[PDB]
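Quick notes on the structure that follows.
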Amino acid sequence: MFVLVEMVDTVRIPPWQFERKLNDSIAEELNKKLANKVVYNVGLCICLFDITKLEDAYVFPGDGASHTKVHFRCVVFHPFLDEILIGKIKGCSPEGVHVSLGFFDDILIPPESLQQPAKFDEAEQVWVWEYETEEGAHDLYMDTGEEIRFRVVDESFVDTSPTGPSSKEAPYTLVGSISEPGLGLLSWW
Amino acid sequence: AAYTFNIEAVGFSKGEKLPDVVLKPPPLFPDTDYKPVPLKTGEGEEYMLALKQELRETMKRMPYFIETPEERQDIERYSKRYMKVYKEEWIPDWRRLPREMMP
Amino acid sequence: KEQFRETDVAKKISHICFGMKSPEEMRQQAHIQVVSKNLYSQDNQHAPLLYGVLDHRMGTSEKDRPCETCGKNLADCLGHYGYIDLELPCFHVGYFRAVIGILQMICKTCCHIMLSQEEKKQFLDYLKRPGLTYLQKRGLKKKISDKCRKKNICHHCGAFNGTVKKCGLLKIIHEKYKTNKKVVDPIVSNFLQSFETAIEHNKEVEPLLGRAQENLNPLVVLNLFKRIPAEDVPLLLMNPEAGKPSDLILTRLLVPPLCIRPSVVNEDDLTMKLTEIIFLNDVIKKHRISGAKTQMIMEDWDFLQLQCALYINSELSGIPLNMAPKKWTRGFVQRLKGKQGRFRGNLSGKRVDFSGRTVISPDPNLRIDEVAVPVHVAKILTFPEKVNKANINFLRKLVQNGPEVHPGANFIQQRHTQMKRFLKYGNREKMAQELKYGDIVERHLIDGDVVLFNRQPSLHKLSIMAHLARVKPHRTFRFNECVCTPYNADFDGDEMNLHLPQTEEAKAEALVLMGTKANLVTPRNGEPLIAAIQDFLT
Amino acid sequence: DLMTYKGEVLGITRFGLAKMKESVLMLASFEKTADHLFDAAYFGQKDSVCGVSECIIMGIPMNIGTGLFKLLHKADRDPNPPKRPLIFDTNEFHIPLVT
Amino acid sequence: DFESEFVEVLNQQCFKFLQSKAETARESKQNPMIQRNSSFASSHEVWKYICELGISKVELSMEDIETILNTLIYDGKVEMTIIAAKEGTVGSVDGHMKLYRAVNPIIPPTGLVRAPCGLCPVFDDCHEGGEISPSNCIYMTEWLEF
Amino acid sequence: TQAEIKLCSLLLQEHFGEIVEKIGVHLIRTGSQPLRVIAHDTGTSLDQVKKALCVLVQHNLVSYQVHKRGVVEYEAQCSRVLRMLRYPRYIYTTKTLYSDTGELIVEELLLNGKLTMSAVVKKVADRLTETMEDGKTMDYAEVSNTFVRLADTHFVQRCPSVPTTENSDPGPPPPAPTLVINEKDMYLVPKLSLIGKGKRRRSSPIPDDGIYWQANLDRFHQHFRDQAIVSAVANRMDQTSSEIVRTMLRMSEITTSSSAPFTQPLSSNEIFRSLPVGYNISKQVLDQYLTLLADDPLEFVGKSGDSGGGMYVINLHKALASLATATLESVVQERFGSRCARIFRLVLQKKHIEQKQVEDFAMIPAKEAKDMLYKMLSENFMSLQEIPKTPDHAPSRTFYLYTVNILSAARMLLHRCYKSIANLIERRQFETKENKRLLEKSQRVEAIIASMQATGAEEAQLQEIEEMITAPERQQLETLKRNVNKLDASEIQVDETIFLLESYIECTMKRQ
Amino acid sequence: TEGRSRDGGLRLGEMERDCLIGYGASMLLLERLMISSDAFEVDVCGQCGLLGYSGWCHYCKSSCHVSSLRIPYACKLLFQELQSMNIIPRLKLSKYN
DNA sequence: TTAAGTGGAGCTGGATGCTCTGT
DNA sequence: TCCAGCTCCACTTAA
RNA sequence: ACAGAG
Ligand code: SF4
Ligand SMILES: [Zn+2]
Ligand SMILES: [Zn+2]
Ligand SMILES: [Zn+2]
C-alpha cells in the first residue's frame with residue numbers, strides 16, 4: 001500500500017566516521033532526517049529503501065567533512081483514494097470517529113459519511129447504530145476499538161511552516177467513509 | 001535648533017508660525033468631499049449589461065478557451081471512461097496559417 | 001507527527017544583479033511610515049518618538065533599548081527600513097544624467113522612442129545575441145542615442161523634438177520653440193502670440209517671451225515615463241526586470257535602519273538630513289493651503305530637490321550661494337568613496353585581531369626561519385587547538401597552567417556550545433579532567449607556531465613572510481639579520497607587525513607558500529635576497 | 001600583452017580598466033565609486049562574483065592560487081550499488097487494461 | 001476679493017434671469033432665427049434688473065456686473081456674443097453692444113467620474129498586492145453599498 | 001503602456017485563458033519575435049505555443065510576416081485586444097440599425113473571429129430557432145438578405161485573402177503565404193443558391209470556401225463619432241438642428257475618409273431632398289439654421305464654398321477637440337468642485353495667465369483659488385510656462401504663467417481610464433473567486449432541479465432544495481449580484497470616455 | 001578599534017592584500033579578511049534576492065525561500081547603504097555544490 | 001543658396017602613500 | 001596641482 | 001585638526 005519516492009540530498013559525513021563504508025554511513029544519516037516525518041506533498045516516510053546512485057565526495061574549504069549528493073528511494077505511506085484499510089478505533093468524539101492505522105492516528109470518519117440509521121449521539125461520546133431486529137440502538141464503537149474497515153475518500157496536506165519571524169497541528173490528514181455495504185467492524189460482514 | 005540651510009531663504013521672516021509636528025500618520029483612505037456620479041439606467045443601457053455577462057459564459061465554453069493540461073494523476077481506474085471530459089475540437093484553415101504551426 | 005524541514009540551508013552567492021526599486025516596492029519593504037520631524041521627546045525620559053526618525057521599529061543602535069520589530073538586541077538584529085512620502089517628486093541626483101539621456105531619445109509628446117522601423121528592427125536583433133557584455137551595452141547606448149539626436153521630427157506622432165539639455169543644477173529645458181531669421185513656422189507662430197492675457201497686465205513678458213521654452217520638471221517627466229511603451233524600454237538599455245523609466249524620479253524615499261547611522265557620532269548627518277526633508281515636506285504642504293505665491297512654492301520645491309541630492313551626494317558643484325551648506329556633511333557617496341570609505345577602508349582592507357606590533361632588534365642565534373616573540377605577546381595571542389587523540393594529554397597540562405604561566409590557556413569551549421569559559425576562574429584541574437574530544441582549547445602561542453611577520457610598507461611579496469615562533473623574555477621581536485634585506489629593516493627603532501593565523505588551513509598556506517625557506521629568491525629576476533650582510537661578509 | 005589583447009593600446013588608467021574589466025564591484029572599488037554603481041542600476045547589470053576583488057568583498061575564496069581545483073575524499077565507497085529488486089510492480093505482470 | 005459670501009448669491013440670480021428669458025423663446029416657438037435673437041439678453045437690461053431686485057443697500061454698479069457675468073461664462077452656463085451698436089437703448093460701448101444667453105452643457109457627465117477610480121486621491125498608490133488594493137478599497141466598499 | 005498590458009492580461013485570461021494570455025502579453029510587451037524564442041522566453045512547451053498563436057491569429061489579435069531567411073515573426077496588435085471590451089456595444093448598435101438577425105451575425109463574427117459566409121448564415125439560423133415557436137423555421141434567405149445589407153453599409157468586411165499560388169510564384173511552398181488586401185472585393189459578396197432551415201436541437205463542396213468575413217470595427221467608430229457630434233448639437237441648439245447634422249453625416253458616410261479634417265461639402269439644395277419628409281420646414285428656413293450654426297464659435301460647421309447655392313462642411317477634427325475638452329472639463333468638475341472647474345475654463349480661454357489675474361477674473365478669493373491651482377499641477381491637469389529674466393532660471397526672478405495643454409491632459413486622462421477598468425475587473429474577479437464556495441453550493445441545489453428535470457421526475461424533490469442551510473446564506477448572493485452588476489455596468493460606461501479621448505488623440509497624429 | 005589606546009589591533013591594508021594574492025594564498029586571505037574581523041550571517045530570500053530577518057521575508061510575506069549566507073558585516077552594511085540610495089543589490093544564491 | 005559631417009576650442013569632473021603614537 | 005569626455009561653433013564640400 | 005616615528 002506504500003509508494004517509493006525518488007529524492008536527492010547532499011549528506012555531510014563528518015571526519016570521525018571515515019572508518020566506515022560510505023554506503024552504510026550515508027543511509028544512517030538519511031534515516032535520521034526522514035523517518036517518521038511527513039514530507040509535504042508525498043506523505044509519511046517510513047525508512048530508506050535503497051541508494052540508487054552516489055556522486056563524488058567533495059571536501060569544501062573551511063571544513064573537513066565530505067559532502068556527497070545522494071540519489072535514493074524511500075518507502076512512504078501514501079494511500080490512493082478509495083482504498084480499503086483495516087485499523088483500530090482509538091477514540092469516540094462528537095466530531096466523528098478517530099481511527100488508528102498503527103503508526104498513523106489522524107484518520108477521520110466524518111458523521112456526514114457514517115452509517116445512516118443513527119446519526120446524532122444522545123449526549124454520549126460513543127457513537128451509535130440502530131437496527132430494528134438486533135440491538136436496540138445500543139450497538140457501539142467500543143473504546144477498546146476492535147478493527148474497523150474503512151474506505152479513504154479524501155486526504156489533505158496543511159503547510160505547517162512558520163508564519164512571522166521565529167523568536168503543532170496535524171500536517172497530514174486522512175478522511176474516510178464507512179457508509180458502503182461491506183464496510184464497518186469486521187464482525188458485521 | 002537651526003538647520004544646515006538658512007530658514008530665511010525658505011521664508012518665515014517674522015520668526016514664528018512654523019508648521020506643526022505630525023504625530024500619527026494620515027489614514028490610508030482619507031475622507032473625500034465629492035462622490036461619484038450615479039450610473040446611467042435605461043432599457044438600452046441594461047441590455048448591454050446582460051449581453052456582457054453572456055459573453056463570459058459562452059467564450060469559456062467555446063473551443064478557443066484552451067484550458068491548461070492536467071498531469072500527475074496517481075493511478076488508473078475503471079472510472080476513467082466514465083469521467084473522460086469530452087469536448088469537440090476546432091480545426092483552423094492551414095492555408096492562411098504558416099507551415100511552422102501544424103500540430 | 002512532525003513535518004520535514006531542512007536543518008541548515010547554507011547557500012553560495014552566484015551573482016549580484018543591480019537595479020532600482022519602484023516607489024510602491026519601497027512601501028512593501030519598509031515597516032513604518034516616518035512623518036515626525038523631532039528626534040526625541042521633549043520630556044526628561046529621553047524616549048524617541050513613535051512615528052519619527054530614531055524609532056526603534058527600524059532597529060536599534062544601543063544595547064540599552066531593544067528593537068521593536070523583532071525583539072532582539074544590537075548584536076542579533078539586521079535592521080529594518082522605513083519610508084518618507086514626498087509631496088512633490090524630485091530628481092535622484094545619481095540618475096539625473098540618465099534622465100536627460102532618455103529625454104534625448106524619446107519623443108516628448110507621445111513617449112515613443114524616436115527611431116525608424118528599420119533601426120528598431122536592427123538594434124533589437126543586436127540585443128538578442130548570447131553573451132552580450134557590459135561594454136557592448138554601453139557602446140550600443142551611444143549609437144542608439146546618436147541617431148535619436150539627429151532627428152527633429154517623430155516618425156510616430158510628427159511633433160517637433162528640439163534639444164534637451166541641462167539648464168543649471170537639477171533643471172531640464174526643451175527647445176520646442178526655436179526661432180530663426182527665415183520665414184516663420186506655423187506652430188511656433190501660434191505659441192508666440194498666445195500670451196495676450198499676460199502682455200495686457202505684465203510689461204516684462206514682451207522682451208522675455210523670445211526665451212520662453214518648455215521647462216521640463218519632475219511633475220512632467222514622471223508623467224512621460226509612465227507612458228513609455230514597454231516595447232521601447234529595452235532600446236533605452238534599461239533592463240525591464242531590474243527597473244523602469246518611471247522609477248528614476250523619486251516620489252518616496254527609504255530611511256536606513258538605525259545601525260547604519262549609530263546614535264552617538266549626537267546623531268549622524270543622514271539623520272539630520274532626513275529631519276530637514278520631513279520639515280520641508282510640512283512647509284510645502286502648509287503653503288499650498290495658506291495661499292503662498294508660486295514664487296514661494298517653486299523655491300521650496302527647489303529646496304526639497306537640493307536636500308535630497310545633498311543627502312545622497314553632498315559635494316555638488318553648482319549649488320547657488322543662497323543655498324550652499326555652511327558645514328560639510330557626509331552624504332552616502334562620501335562614506336562609500338575615497339580612502340576612508342567602504343571599498344578601500346572597510347572592504348578591501350580592514351583591521352584584524354590576533355595581531356601585534358613591537359620594536360625589532362637583531363638576534364643572530366636564531367635560524368633564518370625563526371622569530372623571537374616576547375612572552376607578553378605570546379600570553380595574549382592564542383590559537384584554537386581542537387582536542388583530539390594526539391593532543392589530549394598535552395592540552396590538559398596547558399589547561400592546568402592557565403592564563404598566567406606561559407605554556408597555558410585563556411579559554412575553553414565545549415563541543416556544541418559557542419560561549420567561552422574564561423579559564424582564570426574556576427578550578428582548572430577539574431576543567432582539564434572534563435576535556436572531551438571536539439572541545440577547543442585556546443592555548444597560548446608556543447614554540448613552532450606559524451606566525452606572519454610584516455614591515456608596514458610593502459612593495460613586493462617578500463615583505464610579508466611566515467616564521468616559526470620561539471618565545472623569549474625580552475619585549476622586542478627578533479630575527480636573524482640575513483632576513484633584513486627582504487623587509488628593508490634597519491633596527492633603528494623600526495616596528496614590525498605580527499599576525500597569528502587562526503585556522504589549520506591558514507597555517508599550511510602560510511608555511512608552504514610564504515615560508516622564508518621557500519622564498520630565498522625574489523620573483524622579479526630570480527636573485528637571492530636572504531643572504532649574508534655586514535659583519536658576516538667582513 | 002594585457003595592454004594590447006583587445007586590439008587597442010589601453011592604459012592602466014581608470015579609463016583603460018573600464019574597457020578591460022566587466023565587473024561593477026571591481027570598477028567601483030578603484031575610482032569613480034559613485035558613477036559605476038548608478039550605471040549598474042540603470043543598465044540593470046548583473047555582476048559575476050568570479051573576480052578576485054569582489055571575492056574578497058563578498059568573503060568567498062578566490063579562484064586563483066589554491067582555489068583553482070577541488071578536493072575529493074577517497075572514501076571506501078561503491079557508486080551505483082546493488083539495487084533491491086521490486087517484487088510486485090514489475091512490467092511483465094501489468095499489461096495495460098485499456099485498449 | 002470683493003466679498004465671497006456676496007458674489008455666491010448673485011451668481012445664481014443672474015443665471016436664473018437668462019434661463020427664464022431663454023425659456024420664453026423656447027415656449028414662443030415662432031421662427032427659429034428670430035427665436036435665437038430673442039434668446040439673447042441685453043448686457044444693460046440684466047444689470048438694470050439685478051440692481052432693481054434690492055438685495056443690498058450698496059449699489060450694484062454697472063462696471064462690476066459687466067465683469068460678474070464673466071463668471072457665468074467660466075461656469076460654462078452662458079454664452080457671450082458682441083454685436084455692433086446699430087440700435088440700442090444705451091449702447092454702452094462705442095460701436096459695440098454685448099449679448100448674453102444661457103446654454104446647456106455640451107455633453108452629460110462622463111463615464112470615468114461614475115466609477116470611483118476617477119475621483120480617488122490615492123490613485124498613484126493603488127496596486128494589486130499592496131496595502132491599498134482594489135480588493136480591499138474602502139471607496140468601493142462604501143459606494144457599492146448604496 | 002503598463003496600464004494597457006495589465007488590462008490586456010485580464011481580457012485574454014477571461015476570454016481565452018491562462019496558456020494563451022502568457023503568449024499574448026509577451027508579444028505585446030516585447031514586440032515582434034520568431035516562434036522558437038516565444039517558447040524559450042516563456043517556458044511553455046512548443047505544442048502549447050502553436051495552439052496559443054493559432055487562436056490569437058484566428059481572432060485577428062496577432063499578425064504575422066515573413067522576414068529575411070524565411071522565418072515567420074508574429075506581432076501583437078495591442079489596440080485590437082482592448083477592443084474586445086467594446087463588444088457588447090457593437091452587438092447593441094447593430095440591433096438598433098438592423099433586426100435580430102443582424103444582431104446574431106455580428107455576434108458570431110466577433111466570437112469566432114472569422115467566418116465564411118456559408119458558415120454564418122447556418123449558425124444564425126440555428127440560434128434564432130430559440131426565439132420562435134409553433135413550427136416556424138428560420139430560413140437562410142432572410143439571413144443573407146440582412147448580411148448583404150450589412151455588407152453595403154460596410155459594417156462587415158472580407159478578411160485579407162490568400163494569394164493564388166498558380167498565378168503567382170508556383171513552386172516550393174513558402175513558410176507563410178504573405179497575405180495581401182484587395183480593395184475591389186472587400187464588399188462584394190458571393191452568390192449562394194443553397195437554402196435551408198435551422199435545426200431545433202433535437203439531438204436524436206462549398207462555393208464560398210476561403211471567403212472569410214470579419215466585423216469592420218472602424219465602421220462602428222464612424223457611427224459612434226456621429227452620435228457624439230449629433231448629441232452635442234441636440235443639447236446646444238435643438239433637436240431639429242441635430243437632425244440637420246445627422247442628415248449631413250449620414251450622406252458623408254460613403255464618400256469620405258475616416259480620418260480627414262473636412263468631409264466632402266454638400267449644398268443646401270441637396271440636403272433638402274435628403275431630410276425626411278415629415279420635417280415641415282421650408283428651404284429658406286433650412287438656410288437660416290445653416291448660417292446660425294456657422295456663426296457659432298464652437299465651429300462644428302463651416303462654409304468652405306460658394307457654388308450651387310449655400311455650401312457647408314462639417315468639421316470632424318474640431319468637433320472632437322470640443323468633445324475631448326468637454327470630457328476633460330467634466331472630470332475636473334466632479335473631482336474638485338465647480339469653483340475649480342471655473343478656474344480650468346478660465347485658464348483655458350485666457351491661454352496664459354497668472355495668479356493675481358485668476359482671482360480677479362473668477363471672483364474666487366486667495367487661499368481658495370491657489371489651493372485649487374496647486375492641486376491641478378499635481379494631477380497634471382495644468383502646466384507652468386516659466387518665462388525667465390536671466391539664464392539662472394532662479395525662482396525669485398521669473399513669471400510663472402499658467403497654461404492648460406489639452407493634448408497632454410488627454411493622454412494623461414486616458415492612462416487613468418485603462419487602470420480604472422482594470423481595477424473594476426480586479427474587484428469583480430476577487431468577489432467572484434472568494435464566493436466559489438457559495439456559488440458551487442447554490443449550483444448543486446439547482447443542479448438537482450436541472451438534472452432529471454422531466455423524465456421520471458417526481459414532485460417529492462421540490463421542497464428539499466431550500467432544506468439545505470443555504471437559505472440564510474442567500475442574503476449574500478443578492479449582495480454578490482448587485483455588486484457584479486454595478487461593476488460590469490461601470491466597465492461599459494468608462495469605454496464611452498476612452499473612445500472620446502482616443503479619437504481626439506488618433507486624429508492629431510499624422511504618423512508621417 | 002583604531003589603536004593602542006583603544007586596544008585597537010592592526011590593519012591588513014590594500015598593499016598587504018596585494019602581497020597575499022601573489023602567493024596564491026586564498027584561504028589565508030579569507031581567514032584574515034573575513035573570519036578574524038567581521039564574520040556574519042544574513043537571511044537571504046531566494047525569490048526576491050533581498051535580505052530578510054529571523055528566517056522571514058517581509059517583502060514576500062513567506063518563510064520558505066529564506067536561506068543563510070556567510071558574509072562580511074561591512075558588505076551587509078554596504079547592501080543596506082545602497083538600498084537607501086535606491087541601488088538595489090538583488091542577490092541570487094545557488095547551493096554550495 | 002544651404003544641409004550636413006567634421007575640424008578646433010572651452011567647460012567640467014575626476015584624481016593625487018602607507019601605517020601606528022599622542023593631545 | 002594635472003588630464004580625458006562632452007558640447008558649442010565656424011569651415012569647407014555637395015546638392 | 002595638528003605634531004611625531006619608520
Ligand atoms: S483605491 Fe480603489 S476605488 Fe480608488 S482608484 Fe484605487 S482601486 Fe479604484
Ligand atoms: Zn529588529
Ligand atoms: Zn512622437
Ligand atoms: Zn522574499
Side-chain angles (χ1 to χ4, degrees), chain C residues 93-94 96-98 100-101 104 138-139 141-142 145-147 149-153 162-169 172-173 175 178 180-183 313-319 327-328 333-334 336-341 343-345 348-353 355-361 453-460 463-464 476-477 484 487-499, chain D residues 8-19 27-39, chain F residues 391, chain G residues 1-19:
Chain C
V93 69
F96 182 70
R97 290 183 65 256
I100 293 165
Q104 291 174 347
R138 285 189 286 123
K141 188 188 173 287
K142 192 183 184 297
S145 62
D146 283 346
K147 300 179 173 185
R149 292 173 76 171
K150 293 181 179 62
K151 294 173 178 62
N152 57 9
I153 58 177
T163 48
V164 174
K165 64 177 69 181
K166 186 172 77 270
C167 57
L169 183 63
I172 304 175
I173 191 164
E175 276 83 25
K178 68 190 298 287
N180 301 304
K181 281 87 72 182
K182 60 174 290 194
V183 177
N313 182 6
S314 188
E315 291 283 356
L316 302 173
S317 298
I319 309 167
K327 59 175 168 285
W328 183 82
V333 169
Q334 284 71 50
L336 296 188
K337 80 174 292 183
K339 184 175 286 187
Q340 290 94 28
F343 290 96
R344 296 179 68 174
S348 299
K350 59 181 71 170
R351 295 180 182 281
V352 313
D353 60 19
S355 64
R357 183 175 180 97
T358 324
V359 172
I360 54 160
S361 70
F453 193 54
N454 187 16
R455 199 155 167 269
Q456 194 64 47
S458 305
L459 314 170
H460 47 103
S463 306
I464 182 171
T476 51
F477 293 145
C484 288
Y487 291 120
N488 200 0
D490 50 351
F491 304 130
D492 59 350
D494 203 83
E495 295 175 356
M496 284 182 66
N497 292 346
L498 191 87
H499 306 108
Chain D
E8 178 177 12
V9 184
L10 296 174
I12 311 298
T13 60
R14 68 173 179 269
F15 305 100
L17 201 149
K19 292 183 183 289
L27 284 164
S29 304
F30 174 49
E31 297 189 357
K32 290 176 64 178
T33 74
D35 295 333
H36 288 104
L37 296 176
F38 288 113
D39 290 348
Chain G
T1 45
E2 302 180 9
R4 196 196 188 265
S5 300
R6 279 86 72 190
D7 183 59
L10 287 308
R11 188 171 165 83
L12 264 286
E14 304 96 1
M15 302 184 81
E16 288 72 27
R17 183 198 75 111
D18 299 342
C19 298

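A, B, ... follow the sequence lines: proteins, then strands. Residue 1 opens every chain. These values consider heavy atoms only, across backbone and side chains, with no hydrogens, waters or symmetry-generated copies.
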When the distance from [atom1] of [X] to [atom2] of [N] is rounded to whole Å, what number comes out?
X: D:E8; N: I:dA4; atom1: CD; atom2: P; answer: 13 Å
X: C:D146; N: H:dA4; atom1: CG; atom2: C1'; answer: 15 Å
X: C:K165; N: H:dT12; atom1: NZ; atom2: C1'; answer: 16 Å
X: D:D39; N: H:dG13; atom1: CG; atom2: P; answer: 15 Å
X: C:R357; N: H:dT19; atom1: CZ; atom2: P; answer: 10 Å
X: D:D35; N: H:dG14; atom1: CG; atom2: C1'; answer: 9 Å
X: C:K150; N: H:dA4; atom1: NZ; atom2: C1'; answer: 10 Å

Which of the following nucleotides, [options], is nearest to the side chain of [X]?
X: C:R455; options: J:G6, H:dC18, H:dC20; answer: J:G6
X: G:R4; options: H:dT21, H:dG14, H:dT16; answer: H:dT21
X: C:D492; options: H:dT19, J:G6, H:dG13; answer: J:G6
X: D:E31; options: H:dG22, H:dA15, H:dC18; answer: H:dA15

Is there side-chain contact between [X] and [Y], with at least one heavy-atom pair below 4.5 Å?
X: C:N313; Y: D:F38; result: no
X: D:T13; Y: D:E31; result: no
X: G:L12; Y: C:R351; result: no

Can we say C:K150 and C:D146 salt-bridge, meaning some charged N sits less than 4.0 Å from an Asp/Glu carboxylate O? no

At 4.0 Å (heavy atoms only), tell me whether G:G3 reaches a base, stays on the sugar-phosphate, or touches nothing. nothing

How would you label the contact of C:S317 with the nucleic acid (heavy atoms, under 4.0 Å): base, sugar-phosphate, or nothing? sugar-phosphate

Looking at C:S355 and C:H499, would you say the former's side chain and the latter's main chain have a donor-acceptor pair under 3.5 Å? no

Keeping the roles fixed (side chain from G:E2, backbone from G:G8), state whether a donor-acceptor pair exists under 3.5 Å. no

Judged by nearest nucleotide, the residue sitting upstream toward the 5' end of DNA chain H, G:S5 or D:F30, is D:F30

Quick check: are there more than 12 heavy atoms from other residues, nucleotides or ligands sitting under 6.0 Å from NZ of C:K151? yes

What is the bend of the helix from H:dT1-I:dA15 to H:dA15-I:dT1 when you compare the axis at one end with the axis at the other, using five pairs each and rounding to 10°? 0°

